[PDB]
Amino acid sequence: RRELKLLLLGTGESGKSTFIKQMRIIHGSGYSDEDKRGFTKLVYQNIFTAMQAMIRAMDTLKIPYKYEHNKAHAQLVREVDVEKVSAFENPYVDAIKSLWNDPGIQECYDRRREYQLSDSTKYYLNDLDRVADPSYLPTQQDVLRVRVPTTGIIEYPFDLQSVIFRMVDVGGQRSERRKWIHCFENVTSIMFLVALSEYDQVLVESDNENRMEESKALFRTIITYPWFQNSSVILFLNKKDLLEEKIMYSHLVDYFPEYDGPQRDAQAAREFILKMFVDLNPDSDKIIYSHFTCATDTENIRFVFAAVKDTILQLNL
């Protein structure tokens, strides 16, 4: 069968592995009750990881716990070795429920831009009851939200009848990019993910360097490499849901000063970030097919990829 090889490239925490899950849901073998059961542990770990990061945030940012009884719950959670968490029970459940209700921890959640905290924090912490229940089965939306850092090079083939796409998921962190050269042979298209929400964030690799500045430089660089002179480039401006919310209180002009668009505007901010990636590229060769995506929204990816499928095929035969 006709087999074409796509690459999922991105900075790191952009949504490459999440895009892969939507492919497994849309064109793949989806997620059964047993598959889902394979994530419970990971959803329990993400909640601990997140509440531990916010517990460090309280000291680092010197924020007082509104309530005294939360100082104890904070010491109970901070001691847990996430790598061994296989269950989610009392006292831990009532301790994380109580920490999340502490105006002090809420004041710290609001300042998440000031430290590293995953995007699926609020999604999970606001649904603890459903997650704590001893009859808990992760929903498909629950699987699409989990955080599991990707390291190395993983090939996922998908049969779209008409064609078979061999999608390659990789690690985004700087150290992971030294490996990338080992999946550059015979590439048809490179689909690049950028986080629209990371315009006011810093790298986990380096906390004085701006995330969107990183993805911007990585994109402008990678499209001028010789392995890709005959390979199409689809740019997915992902996390459009997180930009809609954040843009309301985190002004783009404060991180990118050449933005002369209005504030508290999701679209003007959106179309400015697209220009930076595609425009005035001294190496303005390839046409770049862009798409605004929310990778945890199955119906969005279904529609977007149907279009990227057509584009890739055409620009080949």
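Residue positions are given as counts along the sequence shown, with the first one as 1.
*Asks:* Between 282 to 290 and 269 to 277, which has the higher average C-alpha B-factor in the PDB entry?
*Replies:* Per the PDB record, 282 to 290.
*Asks:* I need to verify one thing: averaged over C-alpha atoms only, is the B-factor higher for 68 to 76 or for 138 to 146?
*Replies:* On average, C-alpha B-factors are higher across 68 to 76.
*Asks:* Between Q116, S189, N126, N238, where does the Cα B-factor run highest in the record?
*Replies:* That would be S189.
*Asks:* By the entry's C-alpha temperature factors, tell me which of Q52, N46, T40, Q263 sits highest.
*Replies:* Largest recorded C-alpha B-factor: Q263.
*Asks:* Ranking the modelled residues of this chain by C-alpha B-factor as given in the entry, is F184 in the lowest, middle or highest third?
*Replies:* It falls in the top third of the chain.
*Asks:* Grab the CA temperature factor for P226 from the record and place it in the lowest, middle or highest third of its chain.
*Replies:* According to the entry, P226 has a C-alpha B-factor in the chain's highest third.
*Asks:* Ranking every modelled residue in this chain by its Cα temperature factor as given in the entry, which third contains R112?
*Replies:* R112: CA B-factor falls in the lowest third of its chain.
*Asks:* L7's Cα B-factor: lowest, middle or highest third of the chain?
*Replies:* Its C-alpha B-factor belongs to the middle third of this chain's values.
*Asks:* For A132, does the deposited CA B-factor place it in the lowest, middle or highest third of the chain?
*Replies:* It falls in the middle third of the chain.
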